[PDB]
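A.B. asks: dropping in the first section of the assembly, placed as in the complex:
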Amino acid sequence: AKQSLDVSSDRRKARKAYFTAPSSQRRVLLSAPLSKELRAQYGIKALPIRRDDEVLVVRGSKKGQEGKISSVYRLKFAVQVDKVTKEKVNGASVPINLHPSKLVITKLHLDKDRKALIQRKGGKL
Amino acid sequence: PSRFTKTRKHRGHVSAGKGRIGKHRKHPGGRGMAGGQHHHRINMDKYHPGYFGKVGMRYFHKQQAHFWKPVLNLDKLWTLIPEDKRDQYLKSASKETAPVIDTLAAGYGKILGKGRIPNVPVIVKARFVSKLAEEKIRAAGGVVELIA
Amino acid sequence: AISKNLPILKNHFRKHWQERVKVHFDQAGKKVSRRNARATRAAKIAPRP
Amino acid sequence: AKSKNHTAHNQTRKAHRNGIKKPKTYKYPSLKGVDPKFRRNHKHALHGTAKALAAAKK
Amino acid sequence: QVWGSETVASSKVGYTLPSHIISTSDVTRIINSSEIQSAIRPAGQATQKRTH
Amino acid sequence: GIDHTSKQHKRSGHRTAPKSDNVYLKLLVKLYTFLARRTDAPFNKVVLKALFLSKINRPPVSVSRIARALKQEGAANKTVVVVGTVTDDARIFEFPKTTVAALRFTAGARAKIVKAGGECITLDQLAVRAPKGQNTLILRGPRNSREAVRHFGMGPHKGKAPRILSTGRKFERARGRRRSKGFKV
Amino acid sequence: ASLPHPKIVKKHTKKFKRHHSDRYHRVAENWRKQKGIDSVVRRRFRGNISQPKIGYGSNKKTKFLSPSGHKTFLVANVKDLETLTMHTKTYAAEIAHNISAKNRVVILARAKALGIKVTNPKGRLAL
């Protein structure tokens, strides 16, 4: 429960904060968990997400499905994934928006910065 | 509150308990104490007589601390003594140990005779007293001794 | 206006008192800020009374 | 714009709705208006009488 | 120590616990005790007989 | 039809079953109405009504009043009964040993009585000791001692205390109150 | 299954309708008293609607009863029903309107087992 004063308990403020949150805050909100393998292998629960991570969907009608990220649409608060598409009656294809709260990772896309972030959050590599 | 209310019981009835002829209008008799020497004169002479006119002498810059003179009657005059020592003195209603009472320290300025203390001596300290009060005290065997 | 036996009343509300009302809703927060100030002053003059 | 001036209509009805009660009568009525001489002496006499009866049933 | 009792004071100044105006609540026990029942007259059958 | 010589469906004008929602008082009323119904006792009926009574028709009764009553003849070893409250009065210095029964007792009065060697009693204890009003004595306190009864009935030539907030010179001590300023009442 | 009741008289089966409920759509049938001054309904003229009053009230022994002779009592669950367990000959159950079909099925089976009557035993049945 809340015990400070600089913390808002208002639906109104939290909602407009979330919706007018800019792209960096949106990254941190679009964080996603790790699978059991990577959680044990790196030492971390969850993480921000980006454009060439590999990932598994565990909620929805695309439940059970794997792929690699193709775009992170932060404006829409969503993630567009290759191999996860809708086939339009005009013989076409469309990517399907998802949420990184429901995604789960199988394999990352690493860099100096993600590695430093892990060593920051207390991981083992 | 608003739900225990005859407004809420008037709803539907037309004039809200004010009438159809008499027509609750704004100020048909005037405002305030208007017309006390006129169309409200009966009321002012029957219920509030003395209202019109001046009687006495003006006192500029008056002070109700010059006029501080609270009263105490002999009826009580032991309420100032606790119950812890009251019965002690009243049974040892004797001399050379007479209880002393500072009415002023208690919050009083004058002493009055509303009646019939016991026959025990007391010593009373006060700014003012009444003749009868003191006669009763020293008839009981006590005394008054004045102060500022 | 004058009516049945009721004491004469002197209610001085013939001006814009509802432009000038003060309602001390801040009784409490003002107490609390007085206390915080006392505490900070004491910590500023720490040994002193 | 004239009017009706006076009428005694309906007043008996109202009276007798809540009406004509006799005022009342007591033992020992008031001595207001009586000769003060008589009042004075009656006072002294009642004092004497009470004194006497009290001493008698003492 | 705080609300007091018969023998100690409460530590709230000028406070003595509120007093009962009735010694108990089993008014039925009172009614049926013995002495009421001695002074009481007998009773009807709780549902008067329809006559006429 | 009917040519009514009365008012129809009119209430008695008498309180039954008070609108105090105090459950203990209602218990007392259940008790004493049983007792009034069966013990053929006017005292029970009296107490029942006086329990229905309001706060101001239930004034206080000073222990000094009680003492006058016990200073009556043939009334010393009696049991005093007050439906209301009993107040202390330090305008007296002695007090007898009797027992007193009543709803409420100011702590000072209770102390005074207990110190004099009596006992302060509730009406249920009274109902077990003296159901028919054995050896009792009822007291009621003053009602016309009230600062609204001063103003009740205010008119000329009654001497009846106008309704007024502030007192003194220049508050209703003028026209109407002396023959110089027109007339005296 | 009910209890011996007397014969049921209602004294007005026809509904009390607001005056001009038929004439103006803004005036609805929910009964509402003409407080007017020249209202023949308030004046009880002949050939006008009958106003409600306490003489139309019902006999206490038949009041609140359905034709079955039962008093209706609303249930939302087996618990509210088990409350009615021992008063089947006087009280009957109305399953609420917001209940789901499966809970209705449950309640109906339980009421059958316990010998309790139900006055809406067809809500949300397909077939």
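C.D. replies: Thanks, I have it. Residues are numbered from 1 along each chain as shown, chains lettered A, B, ... in the order given.
A.B. asks: which non-adjacent residue is nearest the closest residue to chain F within chain C?
C.D. replies: Of all residues in chain C, residue C:7 sits closest to chain F, at 4.6 Å by Cβ to the nearest Cβ. For every residue, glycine as well, the C-beta is placed using N, CA and C. Leaving aside its sequence neighbours, residue C:7 sits nearest to residue F:163 (Cβ to Cβ, 6 or more residues apart in numbering or on different chains; 4.6 Å).
A.B. asks: helix or strand: which one has residue 16?
C.D. replies: No chain in the question, so chain A it is. Using DSSP states H and E, residue A:16 maps to helix A:11-19.
A.B. asks: now do the buried residues in that helix.
C.D. replies: For helix A:11-19, the neighbour count (16 or more other Cβ atoms under 10 Å in any protein chain shown) marks no residue as buried.
A.B. asks: export it as PDB, just CAs?
C.D. replies: Provided in PDB are the C-alpha atoms of helix A:11-19 (Å, rounded to 0.1, in the frame of the first residue of the first chain):
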ATOM      1  CA  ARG A  11      -7.000   6.500 -12.100                       C
ATOM      2  CA  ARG A  12      -7.300   9.800 -14.000                       C
ATOM      3  CA  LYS A  13      -3.700  10.800 -13.500                       C
ATOM      4  CA  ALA A  14      -2.200   7.400 -14.100                       C
ATOM      5  CA  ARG A  15      -4.200   6.900 -17.200                       C
ATOM      6  CA  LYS A  16      -3.300  10.300 -18.800                       C
ATOM      7  CA  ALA A  17       0.300   9.700 -17.700                       C
ATOM      8  CA  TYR A  18       0.300   6.300 -19.500                       C
ATOM      9  CA  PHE A  19      -1.400   7.700 -22.700                       C
END
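A.B. asks: can you slot in chain H too:
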Amino acid sequence: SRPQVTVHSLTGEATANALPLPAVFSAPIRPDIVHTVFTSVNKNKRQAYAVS
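C.D. replies: Following on from the chains above, chain H is added here:
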């Protein structure tokens, strides 16, 4: 002659240690008073609403 009160442990069942009752529970029990006082004391946590 307060009856007694048995103490329980943190591990459940009971103990031999026991207590009297503090004689506040012998106080009268008035829901009318509770109701009034509750209405007011629950009114007393309220912020001001108002219009422009």
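A.B. asks: the helix holding residue A:16: what's the following helix or strand?
C.D. replies: With elements assigned by DSSP H and E, the helix or strand that comes after helix A:11-19 is helix A:23-29.
A.B. asks: Provide the contact partners of that following helix at residue level.
C.D. replies: Applying Cβ atoms under 8 Å, 6 or more residues apart in numbering or on different chains, the contact partners of helix A:23-29 are A:18, A:21, A:48-49, A:72, A:74-75, A:77.
A.B. asks: from chain E, how far out is residue A:54?
C.D. replies: 66 Å (Cβ to the nearest Cβ, to the nearest Å).
A.B. asks: quick one: residues contacting residue G:97.
C.D. replies: residue G:123.
A.B. asks: and it, what element?
C.D. replies: Secondary structure assignment for residue G:97, by DSSP H and E: no helix or strand.
A.B. asks: got the residues of chain B near chain G?
C.D. replies: For chain B, the residues in contact with chain G (Cβ under 8 Å from any Cβ of the partner chain) are B:12-14, B:20.
A.B. asks: pull up the pairing partners for the lengthiest strand in chain F, direction included.
C.D. replies: If you go by DSSP state E, chain F has its longest strand at strand F:79-87. Sheet pairing of strand F:79-87 (DSSP bridges) gives strand F:60-62 (parallel), strand F:100-105 (parallel), strand F:136-138 (parallel).
A.B. asks: include RNA strand I as well:
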RNA sequence: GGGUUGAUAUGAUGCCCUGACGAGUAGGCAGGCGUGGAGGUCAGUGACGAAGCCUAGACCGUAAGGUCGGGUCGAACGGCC
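C.D. replies: To build on what is shown above, here is RNA strand I added in:
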């Protein structure tokens, strides 16, 4: 106006008996129906469909109004103090 705490069982503001009476504007008082929100309780109903809306379909109440069924719809809502 009365009767009835008596034990087992329920409701004492309850139950029961007897008698009389019932016009109504303004107006007064009382007992209630209903709406928005609040504290509490129903370990309340609910996407197997909440509320809302339609229903010369049913039921209760003198009535305000309440409940139910059928249809529509889609996310919250009621009973009691």
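A.B. asks: the contacts of residue G:97 again please, RNA strand I included this time.
C.D. replies: Residue G:97 sits next to residue G:123 when contact means Cβ under 8 Å, 6+ apart.
A.B. asks: go again using 10 Å as the cut-off
C.D. replies: Applying Cβ atoms under 10 Å, 6 or more residues apart in numbering or on different chains, one finds that residue G:97 lies in contact with G:74, G:76, G:120, G:123-124.
A.B. asks: pick out the most distant pair among the residues you listed.
C.D. replies: Farthest apart among the contacts of residue G:97 by Cβ to Cβ are G:74 and G:124. That separation is 16.3 Å.
A.B. asks: what about residue F:174, how many neighbours?
C.D. replies: 20 (other Cβ atoms under 10 Å in any protein chain shown).
A.B. asks: what helix or strand is it on?
C.D. replies: Per DSSP H and E, residue F:174 falls between elements, in no helix or strand.
A.B. asks: now it: how far from residue F:183?
C.D. replies: Taking Cβ to Cβ, to the nearest Å as the measure, residue F:174 falls 11 Å from residue F:183.
A.B. asks: overlap in contacts of those two?
C.D. replies: Between them, residue F:174 and residue F:183 share the contacting residues residue B:49, judged by Cβ under 10 Å, 6+ apart.
A.B. asks: and stretch F:76-88, C-alpha only, in CSV?
C.D. replies: Output of stretch F:76-88 as CSV, limited to C-alpha atoms (Å, rounded to 0.1, in the frame of the first residue of the first chain):
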residue,chain,number,x,y,z
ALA,F,76,-38.3,8.9,57.6
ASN,F,77,-37.9,5.1,57.0
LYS,F,78,-39.6,5.4,53.6
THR,F,79,-38.2,4.6,50.2
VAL,F,80,-37.9,7.6,47.9
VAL,F,81,-38.6,7.2,44.2
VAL,F,82,-37.6,9.6,41.4
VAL,F,83,-38.2,8.9,37.8
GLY,F,84,-35.4,11.0,36.4
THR,F,85,-32.2,12.2,37.8
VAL,F,86,-30.9,13.1,41.3
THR,F,87,-28.5,16.0,41.7
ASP,F,88,-26.1,16.9,44.5
